[PDB]
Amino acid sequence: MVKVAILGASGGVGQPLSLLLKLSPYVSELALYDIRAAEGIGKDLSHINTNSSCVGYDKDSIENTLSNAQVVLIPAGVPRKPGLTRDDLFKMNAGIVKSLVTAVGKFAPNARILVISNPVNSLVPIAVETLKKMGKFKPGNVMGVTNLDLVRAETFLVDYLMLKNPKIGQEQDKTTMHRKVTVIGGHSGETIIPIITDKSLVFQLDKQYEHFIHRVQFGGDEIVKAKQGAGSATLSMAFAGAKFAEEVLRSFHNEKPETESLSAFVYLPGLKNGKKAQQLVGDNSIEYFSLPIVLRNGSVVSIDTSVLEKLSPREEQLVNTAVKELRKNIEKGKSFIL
């Protein structure tokens, strides 16, 4: 059935991501690539008694890694650290994503590409425009992994209900809260739009609602601070990213997604209902948004816009703020490569 490659497998995200993917029953080969250390990490994980073969490859061996792959996860990139501006991160990461995605376009042009590298809002456009340049772009096959934002929302909605109201918070199970909240937009504090779909819950949060919003939005900053400068979220990204990959993998075996309204940052003009999404977010030419997606054989075949149809006034304002930032993020991406 399905070969997964992981480009950037040896990093803080990449190792535990590789570990979690070795545990997936949907994977048949697992290939790990990095500029260093991947062969040892693959060997390490090949001892695990799950059915997948796991090989890591050296820095000169991206082709062996990619050849025949159906899904390509990209945790490669440079993470936030104290000596580094957003613009530093943007340019270094843009080079990485370009080379790795050019490698995909040459060695496995049909694979579903799941981009973890940050800034997702501008690097996804880099991915797409690189593939378009190559004549290799399939819009269903390029996904910005924004699912860590959904993981946080689920977690924080329970943690904020516990605080306000130990009554209601008892009955909440963090593992199933995706029934009650959906995250859309982009992946930065200006662009993350948490949409509580259970309107009762919005009211029960009361004055903790605005804190909840802010917490989901700035979760990235929170871990950077916790890790005392040197480090960003790694382990929980690995988790979120493997969860998303597992939905993409499910969809090769004709199975229902476990997350209701699973979102990824996708190219609206190439996907069904993208034009309706554009209108619904108030901007007729915006090219990318993180929105709930429908998967078949690991490709996005439609966008489900339901969550855009019942926005509160407050949420409309979050959308508006997101759109204006996103337009700039996208343009910075496209123009770095055009």
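Note that residue numbering follows the sequence shown and begins at 1.
- For the two regions 213 to 221 and 166 to 174, the entry's Cα B-factors average higher over 166 to 174.
- The question of which stretch, 252 to 260 or 136 to 144, has the higher mean Cα B factor is settled in favour of 252 to 260.
- The maximum CA B-factor among the listed residues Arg112, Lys91, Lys98, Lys81, taken from the PDB record, is found at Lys81.
- Per the deposited record, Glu29 carries the highest C-alpha B-factor of all listed residues (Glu29, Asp44, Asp34, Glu287).
- Among all modelled residues in its chain, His187 ranks in the lowest third by Cα B-factor.
- When all modelled residues of the chain are sorted by CA temperature factor, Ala277 is found within the highest third.
- Per the deposited record, the Cα B-factor of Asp198 falls in the highest third when ranked against the other modelled residues of its chain.
- Sorting the modelled residues of the chain by their CA temperature factor places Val307 in the highest third.
- When the modelled residues of the chain are ordered by C-alpha B-factor, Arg152 sits in the lowest third.
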